[PDB]
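One chain comes next, on its own, written as structure tokens: the form deposited in one PDB entry.
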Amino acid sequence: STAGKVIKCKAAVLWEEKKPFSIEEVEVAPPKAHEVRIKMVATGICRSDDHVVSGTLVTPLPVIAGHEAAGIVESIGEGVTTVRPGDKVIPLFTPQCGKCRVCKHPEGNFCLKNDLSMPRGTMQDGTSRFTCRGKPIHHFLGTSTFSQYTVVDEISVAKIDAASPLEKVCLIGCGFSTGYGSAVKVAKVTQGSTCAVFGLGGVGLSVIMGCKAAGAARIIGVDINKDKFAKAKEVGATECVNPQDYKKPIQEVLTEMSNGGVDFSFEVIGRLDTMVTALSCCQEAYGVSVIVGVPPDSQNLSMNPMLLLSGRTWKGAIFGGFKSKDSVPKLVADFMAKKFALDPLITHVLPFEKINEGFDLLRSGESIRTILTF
């Protein structure tokens, strides 16, 4: 009943920074060639979405944010071959065009068609499918999931198992996959190893999940909020430390705890100081540190390159290093096959209309992931 026609629906619009989201009616255009229009079913609140509100992350405003989600295809544009109406899907914030150098590389996932490096906030063709009170509204990472309906490019969507629990697997859209893959794929955590994880939110908990799956012997969680320790230990942490409890810098503490430094470290917060600290706490000759957290826009860190000269490996990744379109369906299948759990990450479930409350929860430290249901 809506194919080919503009849909008027409810979405959460962010008109400017540091304001609450505005719940109102937007118009969503029909998909054009190689485009897919999706009816949202569930969406998670990730810290990345909050970064747009706080100014940590810069992307054109006004925008319909949201990128961790799942839904059902309402309609497809001409030339689409990978999904069909009625299919359960997950929008991919990192696309997989399959044609670029990165997509063709065995170890690359940061497809050149991404909207991250040089944020435009549109569709692949340079325009937007969203309007609110007569104004054009920007897209976010080619996803825009805080809406009852969205339109995405074909390369930014994956078809998933028809029997999937959308209220759970939306987390495969960002948080879980990012953390899990950062450990198992990017760091390539080894059996018997010692790991340190900075940040115990949804993404950090997922990193822990990965470290445990990889066979780590010790997994030290680090967070200034002690309230996040019980959940970390439930999912695999062997020890948790709060930097504020110590008189000395935490890198020193961790080095002592690990009898000379950890094998693998992970920055899952988004702070410059913690990125340097995490590098420092890994063993000087063979240690590996992975940056996951997003830094505040345009800001540079300062470090001594002797930390690397001795032998350390420092790397970062988007979406856990997973080639998005290939991996997402695979991950959903693994979850259906009980290979990992998602429930430990879900602390709150709210209706979409309560998005602001959901963000309040995140900002207060009370939640891990709030799932919004449409």
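Take the two forms, find the largest set of C-alpha atoms that superpose within 1.5 Å, and that set is the rigid core. Start at 1 and count along the sequence shown; that's the residue number.
The form deposited in another entry is left out here; the points below concern that form.
- Note: rigid core superposed between this form and the one not shown; among 73, 80, 184, 241, the CA shift is 2 Å or more only at 241.
- With a cut-off of 2 Å and the rigid core superposed, residue 260 has a Cα displacement that reaches or exceeds the cut-off between this form and the one not shown.
- After superposing the rigid core, the Cα of residue 251 is displaced by 2 Å or more between this form and the one not shown.
- Residue displacement note: residue 125 has its CA displaced by under 2 Å between this form and the one not shown (rigid core superposed).
- In the other entry, the Cα-Cα separation between residue 157 and residue 296 shrinks by 3 Å or more relative to the displayed conformation.
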